[PDB]
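One letter stands for each residue in the lines below.
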Amino acid sequence: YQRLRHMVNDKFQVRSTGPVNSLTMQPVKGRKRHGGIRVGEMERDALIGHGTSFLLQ
Amino acid sequence: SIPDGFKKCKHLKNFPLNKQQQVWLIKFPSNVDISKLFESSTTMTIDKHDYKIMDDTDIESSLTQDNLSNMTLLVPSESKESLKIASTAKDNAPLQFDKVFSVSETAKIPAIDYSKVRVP
Amino acid sequence: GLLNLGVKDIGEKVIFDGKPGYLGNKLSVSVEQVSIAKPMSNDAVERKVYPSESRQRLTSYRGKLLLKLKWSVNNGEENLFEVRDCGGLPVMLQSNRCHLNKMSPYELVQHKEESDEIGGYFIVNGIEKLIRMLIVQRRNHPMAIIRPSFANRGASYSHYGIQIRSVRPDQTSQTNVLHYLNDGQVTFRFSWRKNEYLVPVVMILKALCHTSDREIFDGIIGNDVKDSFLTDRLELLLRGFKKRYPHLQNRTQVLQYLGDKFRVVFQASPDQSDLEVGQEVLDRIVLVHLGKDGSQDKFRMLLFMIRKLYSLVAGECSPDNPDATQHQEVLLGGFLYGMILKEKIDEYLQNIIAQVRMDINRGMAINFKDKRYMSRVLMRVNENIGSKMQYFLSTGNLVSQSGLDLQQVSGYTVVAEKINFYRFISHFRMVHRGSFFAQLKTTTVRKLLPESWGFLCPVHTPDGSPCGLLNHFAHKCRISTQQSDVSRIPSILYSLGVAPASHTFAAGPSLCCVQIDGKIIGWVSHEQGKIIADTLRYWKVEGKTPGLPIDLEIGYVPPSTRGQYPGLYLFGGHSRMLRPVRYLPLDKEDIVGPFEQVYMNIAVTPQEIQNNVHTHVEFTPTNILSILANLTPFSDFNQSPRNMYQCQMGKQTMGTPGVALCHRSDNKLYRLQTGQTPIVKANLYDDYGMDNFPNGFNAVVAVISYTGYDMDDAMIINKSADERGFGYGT
Amino acid sequence: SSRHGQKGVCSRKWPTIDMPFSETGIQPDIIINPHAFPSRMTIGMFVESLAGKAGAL
Amino acid sequence: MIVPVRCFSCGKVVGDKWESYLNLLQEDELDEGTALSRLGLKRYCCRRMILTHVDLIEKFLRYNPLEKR
Amino acid sequence: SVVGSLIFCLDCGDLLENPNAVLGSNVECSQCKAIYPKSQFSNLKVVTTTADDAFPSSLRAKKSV
Amino acid sequence: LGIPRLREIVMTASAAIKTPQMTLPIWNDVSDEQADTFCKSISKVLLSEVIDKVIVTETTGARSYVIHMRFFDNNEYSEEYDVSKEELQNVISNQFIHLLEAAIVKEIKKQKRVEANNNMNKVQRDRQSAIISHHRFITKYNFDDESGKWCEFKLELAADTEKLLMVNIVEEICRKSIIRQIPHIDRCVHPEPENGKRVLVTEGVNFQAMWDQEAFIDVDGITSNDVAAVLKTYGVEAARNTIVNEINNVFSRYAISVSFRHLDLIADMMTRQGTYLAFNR
Amino acid sequence: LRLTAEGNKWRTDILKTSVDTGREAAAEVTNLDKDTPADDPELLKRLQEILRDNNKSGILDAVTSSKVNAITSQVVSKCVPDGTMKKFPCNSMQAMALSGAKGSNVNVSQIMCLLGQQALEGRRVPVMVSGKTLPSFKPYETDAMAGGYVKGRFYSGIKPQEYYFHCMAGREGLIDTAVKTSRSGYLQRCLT
Amino acid sequence: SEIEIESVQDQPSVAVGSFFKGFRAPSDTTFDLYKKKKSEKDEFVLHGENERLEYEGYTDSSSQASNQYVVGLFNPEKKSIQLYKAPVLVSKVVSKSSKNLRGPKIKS
RNA sequence: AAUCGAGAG
DNA sequence: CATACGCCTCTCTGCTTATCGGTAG
DNA sequence: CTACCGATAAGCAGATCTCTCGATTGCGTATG
Ligand SMILES: [Zn+2]
Ligand SMILES: [Zn+2]
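Within each chain the first residue of the written sequence is number 1 and the count goes on from 1 in that order, possibly differing from the entry; residues lacking coordinates are omitted. Chains and ligands are labelled by the order in which they are written, letters from A for the one and numbers from 1 for the other. Consider the displayed chains a part of a larger assembly; each reported value belongs to this part rather than to the entire assembly. For side-chain calculations, the full set of non-hydrogen atoms in the structure is used, while hydrogens and water are omitted.

Undergrad: Kindly report on the domain arrangement of chain C, identifying the contributing residues and their values.
TA: Residues and elements named next belong to chain C. In this entry, domain limits derive from an automatic or database-based domain assignment. Entries for chain C in the domain assignment read domain 1 (1-119 + 333-406), domain 2 (120-139 + 322-332 + 407-481), domain 3 (140-321), domain 4 (482-573) and domain 5 (574-626). When each unit is reduced to the centre of its C-alpha atoms, the spacing between domain 1 and domain 3 is 36 Å. Listed per partner, the contact involves 20 residues of domain 1 and 16 residues of domain 3. In total, about 1,500 Å² of surface goes out of reach between domain 1 and domain 3, with carbon and sulfur atoms giving 51% of it. Buried area: the sum, over both parts, of the accessible surface (1.4 Å probe) that disappears when the two are put together. When the buried area of domain 1 at its contact with domain 3 is split by residue, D9, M339 and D405 rank highest and sum to 32% of it. Salt bridges are defined by distance alone: a side-chain nitrogen of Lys or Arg within 4 Å of a carboxyl oxygen of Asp or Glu. For the interface between domain 1 and domain 3, the tally reads two salt bridges. Residue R168 pairs with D9 through a salt bridge whose shortest N-O separation is 4.0 Å. Whenever two N or O atoms come within 3.5 Å, that pair is a polar contact, provided that in protein one can donate a hydrogen and the other can accept it, and provided that, for residues adjacent in sequence, both atoms are side-chain atoms. In this structure, the connection of domain 1 to domain 3 is made through five residue pairs in polar contact. The contact criterion used throughout is that any non-hydrogen atoms of two residues lie within 4.5 Å.

See the structure below:
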């Protein structure tokens, strides 16, 4: 049995607040910079299909 | 022209021709000596080596055909100081030989040992 | 080596000065020898530099690049030879120009490297790099290609052609294309610098050698004069050339026109007759694999290429697969280093000539025969070729000047990651089809052709985007890196029954043309060609005849009904793929190649041999895999996607990368504190000696559904075992 | 991951008192599901298990 | 890199057995199974632990940062 | 020299131009400056046939079997 | 089938549909052999279908070109293609020679930049004279009307023209020239009936053509593969029916049953302006 | 994953019909007389023409594939479930195949009985220009095993030629899935 | 039959040359040969000329070191075969009316 | 911050 | 020899555009 | 006669999920 190098200490990430991009004032990109996770176009479209409007907003 | 290190040999020897005699071309490799000594794909044994005798009689396969070739029989005239062509009439065209042969070195791959190679 | 041939073929860069049909006071700079000193340090007498150096201190393991540039004035008047350094060129490990070339494991342990360390990687800026081995077209082989993209070149541009590469003896290649036009003429095509030019083929044919036009007729239409397709096409070609170039009556005139056309693109000096620059373009563009003095050769080669193009048009042959292994070779990585160094030194010569031209424009000092003037001019230019090459290795991008027949630009050096020993070994066997095909849509390049039997491991290929594009080599795949002794091969092929190239009026698919290294030798029939091929292998595998090298593969293609174009194609060059195999008559280790084997009956194991069918038997069926594919236990009892997943996983295994981790400074390394040998190991776990880097442990696995915490793909470890050191690592 | 592409994240450190045991008195240190085998069709894993037990014994 | 104190699966100490195993294997023509039998290891969980230890600490020690080489 | 639609020079082996474009009884070699009468080239009879795959049909296939 | 078909229907709305077909119900009071006869009567036949080999004899001594075309067995090709000697004669006399003549003259314009008898009959000679008068640089013509096995037509040009292939042009003209074609139809195969309801399906769509033929086809029930064709010849609603049927059909090869409401919503959203609209910019 | 003696006997016989199966498929496709020896020059010529022509190659592959699929179906029906030494519900592999927990009857059948014909795209296997399917197989060979039809099973392992064919098919599957992942993205985003 | 060679000849007495298919020469023209010395191989260089033709020629560079070409005749009534030695030369006939067609060395 | 390279589902 | 300032090549849809003639003022 | 226009094959503009790491960044010449 081989122990792979994709350990869970290198994969988890959480942000409450933190740095923001200066020209958009949106959360930064990346884990090592303590940024956010992107809810993309497809996720937005999924949120529209449910009808959960305030979730989308 | 005239090349450095080359001599124009002005003394050659005659090449006679006149039921009548016929001329052939024979090609040999450089590993057979020619000092010591009608058919298709013959063979002969010399220098304990397998010798192949292929007669690649091109053009002349279809009887006489047009008889156009890519080589000439260069002959001495009655001066023996240059190279000239010869024929049988006033055709002023090259006269290819009546046959041609080629010799090729031959080996013999030993027949494979099926019994000793098909080990279960 | 190759770096003397490269500077030899670079030539000389001529320039005249601006004060006196007196052209000026000539200058001709060049290089005749390039010296690569082994890496040393200036801390007097230069001590030896060891690769643990520049790795401990986060630097580069670069040697010194010094070249003997000349400064000749006018044809041996006052030649001012002078060597001068050009900055520290990065050099790899375990190569001759490195201080571990011929050492022992004991002293290797002493030198703080590793116990059985291997190189292949250049240490640039404290990071190990690696020149990936790309896979390119077979050199010196005219392969008929059908591409609808050849139709895009304009109207009357049929989508047929004949593409051939040709590599210079310094390992640099110039490719050629022979497009076929619907009107009837065929236009030779080539590229120079970073631009493309097209030329009618007959002008090239008469430029190469001075002979009659009837010779072209016989060299394309050999003995099929009773045919009509070829005769009509050739008449179109010849009459079109005559009516489009009415005043090119002889070779001198055609070369004169070629030189006039190609004068400023090549930056020819004013002391360049048109008859001279035409010859220079001719000898440095067309069929470069034949080199100079072989114009009489390139003539017959181009005639054969035209005839094969006609056969491709007429449906007498088949469009050879360019993405099948039968028509591929691999550039060796160090040869990319050689090509880029040669282009850099060429550009350095161009830059010093530019500096002299700036001197003419402003400074106006013409003392060419003054070494003080030479010192003044030379010290102005950028000489750090070593810095340029270090940039190249560290960034992967290629700022070249002529492309060197490479389809891509970026992505040539990858990082030799030392996450795991399996990853490390994996790097030095992978083959990349090129960054060109990564951006694409057609799957047919990603297929698994049967031509790659025992060359590219069918299992080892990373799933995802690079699937089929990054296929590793079989662990018993040898890549020839030396030219073979072919100079005596014609000497024996003639006596075997081959009429040589000259005085041979015969062409077409009906006869077998014998070609070595892309050079035509003679023409023989098909049955006799088969006999000759088998006789050659018979004499070759037994090493009695010194003139038949082991690596010489003899590709023989029998006559076929509209199959592949025939011709006994021999090869002895570099860059090829080779595989050992047995030869059933008088068994002995025989070396085969991808082009060669597609007509050989190679039984997988000796038990499935048949009467007069098979002639070769593989040593072991396990040799078609890579190392990481032979390491998977009981592979024949798994689904192939699972084998591929295993090969991808073992390259991501957290285990011991090495034991010299004391004397390294890599950014991030994972090691397993306690590793175990596998009980269920392959036989090659000991041939390659992988006991030094245990990647895991022998775990008691229970195939049981008991906890519920492992259904889709999860698994459960023992808490106590985990607490007794199971799989621990830092 | 096994050497047959049977990758899988560790889902719980099962305490040895809760692990199954045999007559010999050993809790296996790795538990994997049998349902991973039908779709994946890796008999190599089964024969490796057999060979490993035989070789260690 | 070095022999573990306790067997993972069970807990039977196999760390006082590596030198004994090597001595039993080299002094006599003892097979690995016989040596593991004579060493107090009868279950395969213990047997594989000493049958399959690499002892990479030997290769590790040969790079001493406190000794002239 | 004479082959199908084209005639080569007998001396220098170069392609003689097309007789129709030149004055009668005189066709000139571009290289040898020689002269050939036009009455030795009476019929440039050349035969041609298609490639037997140029015309796929549902009826040739039945002929094949 | 698959995503290609799906995106063709919805993403592009291509009227140049890659594979168009039309389903033609046939009358219950017809026989299978008569059905095959009608299928071969409708299906397209090109000139090249009935030419074993065409021989060109380039003679320059003015630059004559005897083009002798060999025809297949009459008893075979007549009953394979439903083509007769008279119809082939008309085709050669009208379409083929004129296409070839236009090709020859265009190529020259761009260039600058068995036995027989000496006289078949007087009516044949008058046909030959008519041919020579009608065409520009033709000089002979004769087509065997008693066996349908050959047809020659001598041809010449001037002396300023260069060499011409007279083979590739003949072949391409021959392939283009049609003998008996229903426009926008290139075959009419007889598929084995599925779920009853015998159907004759073609390689093209031309509703006007079969509208005339009611003796065999149940013209009231022709349903075709195309969408633009059915839209402009039957209406927006027939087009929407065709859209729903095609979109469900591709989902129906893999049995991925999607609701008949999503598909109809897609169809009516992409026909919301009275035309076949796609989903793109 | 095992069978019984009688099951193995049935499997072996119905499998060893495949020699004549493949030869007859080839002979019928080439429209030559049935039961003709494979070394027939006319058969070889027709097979070469079929190899050169794409549509002819497709027709031959479809016919031979149908025949060998018939043989595979016969083997599977006669063996599973009537041959396994361990039977449902004891046979846990067969139990999870029947119950839909994981896998399928096809998976069980190719583990225990026969792996079956390998489908490259809609064809059997690409053939090299010399007519060989692999280095070992003779050119233009009339044989199911040459034409990608593997007679092995994952229980008793697969021979190297069949291993190569199976690797080809598995890689093709992986590439097709990689393309199909992104093929629908643009369609769905444009619709939505 | 199985016919041997009666007499073997070594001195240059004949030659074989390949101009191109369908080539002729008149009675006037003659060919002059040369033989190289100090070189192991027996190279030949052919010289021929007339008012406007030059039957120039040079022998092989990579063939004569490996194979040979030999001329001879056979007796129709007897078994005697004469033998002669001939070297193969490749002749590239270039006329005298175009050798000097040259333009400017450099076009201004 | 972009480019290149390695990978994950 | 440091420091400082700018010049340089293998997809598919759908709308840019055709050469020419038909034909009523 | 010719303009109005109605229709005939080619050039170009714009297409073809989320994530975590690491490495590196074009040069030539002018003044002090
Ligand atoms: Zn234990
Ligand atoms: Zn001439």
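The discussion continues.
Undergrad: Residue-level account of the coordination of the zinc ion (ligand 2), with values.
TA: Residue and element names in this part refer to chain F. Only nitrogen, oxygen and sulfur atoms qualify as donors, provided they sit within 2.8 Å of the metal or within 3.2 Å for Na, K and Ca; with water excluded from the atoms, sites may seem incomplete. At the metal site, the zinc ion (ligand 2) is ligated by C9 (SG), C12 (SG), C29 (SG) and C32 (SG), and these contacts range over 2.3 Å. Only four donors with every angle between 85 and 135 degrees are called tetrahedral; only four or six donors with opposite donors over 155 degrees apart and all others between 65 and 115 are called square planar or octahedral, in that order; all others are irregular. Classification of the site at the zinc ion (ligand 2) rests on its four donor atoms, whose angles at the metal span 105 to 116 degrees, yielding the label tetrahedral. Within one chain, the residues donating to the zinc ion (ligand 2) are spaced in sequence as C-x2-C-x16-C-x2-C. Pair noted here: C12 is in the loop between strand 2 (6-7) and strand 3 (27-28) and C32 is in the loop between strand 3 and strand 4 (35-36), with a separation of 20 residues, a long-range link. Helix and strand definitions here come from DSSP, where helices need a minimum of 4 consecutive H or I residues and strands a minimum of 2 consecutive E residues; each element is numbered from the N-terminal end.

Undergrad: Break down the protein's contact with DNA strand L for me, with residues and values.
TA: When we say a residue is near a molecule or strand, we mean one of its heavy atoms is within 4 Å of it. Lining the immediate surroundings of DNA strand L are 22 residues, of which A:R31, A:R38, C:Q355, C:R362 and C:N667 lie closest. Each atom of DNA strand L within 4 Å of the protein belongs either to a base or to sugar and phosphate, the latter forming 95%. At 2.9 Å, a side-chain N or O of A:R38 approaches a phosphate oxygen of DNA strand L. At 2.8 Å, a side-chain N or O of C:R362 approaches a phosphate oxygen of DNA strand L. For the surface near DNA strand L, the elements supplying multiple residues, two or more each, are helix 1 (41-49) of chain A together with helix 9 (334-363) and helix 11 (385-395) of chain C. Throughout this entry, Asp, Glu, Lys and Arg are counted as charged residues, while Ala, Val, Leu, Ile, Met, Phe, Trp, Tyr, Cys and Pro are counted as nonpolar. The remaining residues, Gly among them, count as polar. Of the residues in the surface near DNA strand L, the class split is five nonpolar, nine polar and eight charged.

Undergrad: For the packing of helix 6 (residues 251-261) of chain C against helix 7 (residues 274-283) of chain C, give the residues involved together with the corresponding values.
TA: All names here are of chain C. Interaxial distance between helix 6 and helix 7 falls to 7 Å at its minimum, and their mutual angle equals 80 degrees. In this view, helix 6 runs roughly perpendicular relative to helix 7, as classed from their interaxial angle. Across the interface between the two elements, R251, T252, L255, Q256, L258, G259 and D260 from helix 6 touch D274, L275, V277, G278, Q279 and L282 from helix 7. Looking at the contact of helix 6 with helix 7, its residues break down into five nonpolar, five polar and three charged. Between N-to-C directions, angles cover 0 to 180 degrees, with each direction set by a line fitted to C-alpha atoms, over the stretch in contact for helices. Angle categories are assigned with fixed cut-offs, so that under 35 degrees is roughly parallel, over 145 is roughly antiparallel, 65 to 115 is roughly perpendicular, and the rest are oblique.

Undergrad: An account of the interface of chain I and chain B is needed here, citing residue identities and associated values.
TA: With 54 residues of chain I in contact, the opposing surface of chain B contributes 48 residues. When the two sides are added together, the surface that chain I and chain B hide from each other amounts to roughly 4,500 Å², 62% of it contributed by carbon and sulfur. At the junction of chain I with chain B, the criterion picks out 19 residue pairs in polar contact. At the level of secondary structure, the elements contributing two or more residues to the side of chain I that touches chain B comprise strand 1 (16-18), strand 2 (31-36), strand 3 (44-48), strand 5 (67-74) and strand 6 (81-85) of chain I. Ranked by residues supplied to the side of chain I that touches chain B, first place goes to strand 5 of chain I with eight residues. Within the side of chain I that touches chain B, the residues separate by chemical class into 26 nonpolar, 17 polar and eleven charged. Following DSSP output, two strands are said to pair if at least two bridges run between them. One ladder, built from eight bridges, connects strand 2 (residues 22-29) of chain B with strand 5 of chain I; its direction is antiparallel. Note that in strand 5 of chain I the partner of B:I26 across the bridge is I:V70.

Undergrad: Give me the packing of aromatic side chains: which residues, what numbers.
TA: Each aromatic ring pair is summarised here by two numbers: the centre-to-centre distance and the angle between the ring planes. Geometry of aromatic contacts follows a simple scheme: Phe, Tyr and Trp rings, the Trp one being its six-membered ring, pair when their centres are within 6.5 Å, and the pair is stacked under 30 degrees between planes, edge-to-face over 60, tilted otherwise. Throughout the structure, instances matching the rule amount to 44 aromatic pairs over all chains. Ring centres of C:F571 and C:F595 lie 5.9 Å apart, and the angle between their planes is 70 degrees; this geometry places the pair in the edge-to-face category. Within this pair, whereas C:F571 is found in strand 25 (residues 569-571), its partner C:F595 is found in helix 16 (residues 594-597), the two being separated by 24 residues in sequence. For C:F571, a relative accessible area of 5% translates into the label buried. Exposure classes here rest on a 1.4 Å probe applied to the protein chains alone. A residue is buried below 20% of its type maximum, exposed above 50%, and partly exposed in between. Given a relative accessible area of 2%, C:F595 falls into the buried group. For the pair D:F37 and D:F46, a centre-to-centre distance of 4.4 Å together with 25 degrees between the ring planes defines the contact as stacked. Take D:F37: its relative accessible area is 3%, and that puts it in the buried class. Each ring is checked for a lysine NZ or an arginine CZ that lies within 6 Å of its centre and within 35 degrees of its normal; such an atom marks a charge sitting over the ring. Over the ring of C:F229 we find C:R233; its NZ or CZ atom is 4.0 Å from the centre of that ring.

Undergrad: Give a detailed account of unusual backbone geometry, specifying residues and quantitative values.
TA: For the bond running from H:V80 to H:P81, omega is 0 degrees, close enough to zero to count as cis. Mapped onto the secondary structure, H:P81 falls in the loop between helix 4 (54-79) and helix 5 (92-98). Omega for the bond connecting H:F88 with H:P89 falls within 30 degrees of zero, at 5 degrees, which places this linkage in the cis form. Relative to the helices and strands, H:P89 is located in the loop between helix 4 and helix 5. Unusually for a residue other than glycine, C:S54 sits at a positive phi of about 75 degrees. Locating C:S54 in the fold gives a position in the loop between strand 4 (47-48) and strand 5 (64-72). For C:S54, a relative accessible area of 4% puts it in the buried group. Despite not being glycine, C:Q267 has its phi angle at roughly 50 degrees, a positive value. Inspection of the secondary structure assignment puts C:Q267 in the loop between helix 6 and helix 7.

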